[PDB]
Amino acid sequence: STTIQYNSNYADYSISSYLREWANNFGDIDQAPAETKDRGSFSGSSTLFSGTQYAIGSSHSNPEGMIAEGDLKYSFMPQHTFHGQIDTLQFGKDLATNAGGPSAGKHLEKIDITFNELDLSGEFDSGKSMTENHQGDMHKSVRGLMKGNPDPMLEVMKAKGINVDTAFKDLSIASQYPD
């Protein structure tokens, strides 16, 4: 089952109210100056467009970041589809590069919310249209977030049985990180 750990400072937020605020501070990547644009960084397979970790900070010089872990793949040109399976999704601020450099992964210095066993997946077929491939849950939810829009991620979570309006302290699948 999907479970959540959250920082106590977010006890009164819901998943929806947390992602509203994270997404507006992250900002839309398509609106960002090409000089501060962070498209994200894959690590784990010593390659550029796949790996076991995908980490992305804000393109609008704000501290907000997001990290996904699983079996992660990105088709780049021409359909630009993120697919595979996300097992862990983590939100917070202050995205730092591990001592081994970008190829050794990144970590959030301030961790706000972690989804465990998210089972967020999507498939990619080069023989289909970009619009069909862009219907995969994984793709549309992460892409929405990159664009400052949390609504597709929230729709995915509702369809999985998660109430995105319940406060974290009242959510039966959520545990606070220890003081």
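When you see a residue number, it is the position in the sequence shown, counting from 1.
Asker: Per the PDB record, is the mean Cα temperature factor higher over 86 to 94 or over 69 to 77?
Answerer: Mean CA B-factor is higher for 69 to 77.
Asker: Please compare 106 to 114 with 37 to 45 and name the stretch with the higher mean C-alpha B-factor in the deposited structure.
Answerer: Per the PDB record, 37 to 45.
Asker: Looking at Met130, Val142, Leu120, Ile56, which has the highest CA B-factor as recorded?
Answerer: Of the candidates given, the C-alpha B-factor peaks at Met130.
Asker: Relative to the other modelled residues of the same chain, rank the CA B-factor of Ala32 and answer lowest, middle or highest third.
Answerer: Highest third.
Asker: Is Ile162 in the lowest, middle or highest third of its chain when residues are ranked by C-alpha B-factor?
Answerer: Highest third.
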